[PDB]
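Read the single chain below, which is given as structure tokens and is the form deposited without its partner chain.
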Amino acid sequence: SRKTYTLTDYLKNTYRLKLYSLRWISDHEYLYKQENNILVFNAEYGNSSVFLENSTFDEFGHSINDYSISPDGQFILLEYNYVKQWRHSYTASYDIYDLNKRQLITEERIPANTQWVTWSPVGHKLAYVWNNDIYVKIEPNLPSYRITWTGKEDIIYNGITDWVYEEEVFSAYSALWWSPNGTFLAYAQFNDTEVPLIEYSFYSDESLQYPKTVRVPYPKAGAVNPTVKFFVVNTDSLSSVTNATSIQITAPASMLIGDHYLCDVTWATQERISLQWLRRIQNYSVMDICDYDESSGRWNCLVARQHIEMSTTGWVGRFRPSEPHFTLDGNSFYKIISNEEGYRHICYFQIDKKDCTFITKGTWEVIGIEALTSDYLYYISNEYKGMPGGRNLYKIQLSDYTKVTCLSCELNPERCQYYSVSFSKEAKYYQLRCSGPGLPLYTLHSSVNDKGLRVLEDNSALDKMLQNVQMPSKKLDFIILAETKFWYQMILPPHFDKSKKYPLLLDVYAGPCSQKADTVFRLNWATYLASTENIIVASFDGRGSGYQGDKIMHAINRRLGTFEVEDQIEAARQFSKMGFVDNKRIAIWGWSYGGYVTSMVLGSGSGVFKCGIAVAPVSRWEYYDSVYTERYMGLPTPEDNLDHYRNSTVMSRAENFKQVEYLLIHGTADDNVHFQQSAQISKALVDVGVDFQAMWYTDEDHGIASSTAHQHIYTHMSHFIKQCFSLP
């Protein structure tokens, strides 16, 4: 045979997966960027035309990072001077171009160093955050109205989140929610006054004589948490002479008694907001329904409308309480709830009524609700062929729950088992996105008869290129551990010989609600290790893994670093039992939570693993943030869960590392899993006389995502793995 998938192919993106990233602008039209032009596509017919030529901004004088067309199509917001902050946050410069007048706006521009910009859902109003304060523009050429005056760097945040809310609660920077009409603007206010600061050196460029100290409010497990306030402004009654009036919506009494989080904001109608609150002890959540009082200007939340969601075996939701999906009248909603058997299913709720009705059931889970129309509810689930790592689109008939139709299951069963979807406004058309086991396929469909309209992207160019490469194969199967099915995946080398013994690398994450065994197609480091190095790369989903019910997911509750570590050891013991694995060449590696599990497995003294690599690992739960940690571990106090926080550290296992080859890697500017975590592992290994390998990446964060750093880390880990497996 001929060429293999090399490390250089992975690092240099030689074999590009093609995407079809579309933006719906109505119930029947979408925008698409097809090189040097923006095109508008008609979903029913498929005809297109140039919406905007990229030649329009040749004389702009800055590199445009991104754009946003206003809902009415009248304006385009141009984003340039992009400066990345955390996982979702960034700062940028913004300019507005009038599409009808065909010119840039010179007067009353969005200021430089803007934290977040948002168009209203309809029309052309703007809400932006500058210096932690909210500003509203009714028209792009008109002056802004100031909404908040309390904004203070690292202390008060209006309309944007602090570190912990961005990372753990909202999974977004924005804390601004326009009403459907664009009449109201709802926002959250974060107060970090007494939140302790994580401090670290930033070395910057060679030209900087003195390193900079970065100071970030970050609550570690058990520390003072930021507080939250919720407000609503009427953007239609803004005065140029008088200051803007913000109406506060207070949290329920069952929340105000102690520490709590605002975990969800959903507009139900033009005058109704849904708010979900969660206690610091993350097993109790309350949903409030708040209506606008036209004859007072205030917002009232009846105690009778409050819906409580609690857990007896663990925490609420997968990572957070699930979002409600309101019916058009806003008097009822659907939401994914854990049932009496522990499976996550769609529940139907009526506002002034007692409980809920489950509309789905079974030994599988609903992944998410995608669309809701008058007649149907569209959702993604892993029901098909009882594969927890598969994803398909289904629709349930709202007039008969037994009438469920799989929409994606049989489109291409050998090639397509993992779908995601993008619905048009009002769900008239949908784009299906299959990500495996074969090459990604993008298709356009009509909700009317569920007829296929067009193939958008088939990846035929990649298909032909990959026919020319010795590609590895993927086996997706399960093993039995204590009368339960646990899924695993294996990346097997090309020309796989079952009578030959191959070295095995265990790729681990194993965090709560994780899934490493799935039907997704990937071109990654594992692709190179199996194709060029002839190493079996295995992944296993044990106790604590998600999408298989709470019996499996909650098994890890108040006990991180126990069953998920043990289950990785047992998986490797069982893979060793298969006659195609060299029992003397078993390695393990992982990033973030994966790094914590790798380190815990290496310090277990199982004797199964020869070597391992931990990238940016957690080492002790007290060093990680309060929101994520306390969700699974409780508080680190003698009354709560101190004993388990003390017994679940990497440092305490330092003695057992004498039995293994260990490579420890961490970025110095990691704002998420602080360098401190690895600084403590290295110190405990040195204190016990254990030799190991280390690598720091100057100014790299959790992702180690800088082009040169990404290439260096993978090159360094490849040399380590090859040396450990005696490969040339």
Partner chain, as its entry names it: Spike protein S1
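Residue numbers count along the first chain shown, from 1.
As the entry records it, the average C-alpha temperature factor is higher for 36-44, out of 661-669 and 36-44. Averaged over Cα atoms, the B-factor as recorded in the entry is higher for 462-470 than for the other of 186-194 and 462-470. Sorting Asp72, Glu199, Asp541, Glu168 by the CA temperature factor given in the entry leaves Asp72 at the top.
Residues shown: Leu453, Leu278, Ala175, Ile156. Highest C-alpha temperature factor in the entry: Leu453. Sorting the modelled residues of the chain by their CA temperature factor places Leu17 in the highest third.
When the modelled residues of the chain are ordered by C-alpha B-factor, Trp119 sits in the middle third. The deposited CA B-factor of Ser285 belongs to the middle third of values across its chain.
Compared with the other modelled residues of the chain, the Cα B-factor recorded for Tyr97 ranks in the highest third. Per the deposited record, the Cα B-factor of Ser682 falls in the lowest third when ranked against the other modelled residues of its chain.
One more form of this protein should be noted, the form solved in complex with its partner chain, which is absent from this view; the next part is about it.
The stretch from 226-234, 381-389, 597-605, 404-412 that comes within 4.5 Å of its partner chain in the entry with it bound, counting heavy atoms only, is 226-234. Contact check for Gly549: every heavy atom lies farther than 4.5 Å from its partner chain in the entry with it bound.
Taking the partner from elsewhere, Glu294 is found to have a heavy atom lying within 4.5 Å of its partner chain in the entry with it bound. In the entry with it bound, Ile308 approaches its partner chain with a heavy atom inside 4.5 Å. Proximity of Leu466 to its partner chain in the entry with it bound falls outside the 4.5 Å heavy atom cutoff.
Note on contacts: among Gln270, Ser254, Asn81, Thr363, the single residue with a heavy atom within 4.5 Å of its partner chain in the entry with it bound is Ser254. The contact residue chosen from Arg279, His124, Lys474, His345 relative to its partner chain in the entry with it bound is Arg279, the criterion being a non-hydrogen atom within 4.5 angstroms.
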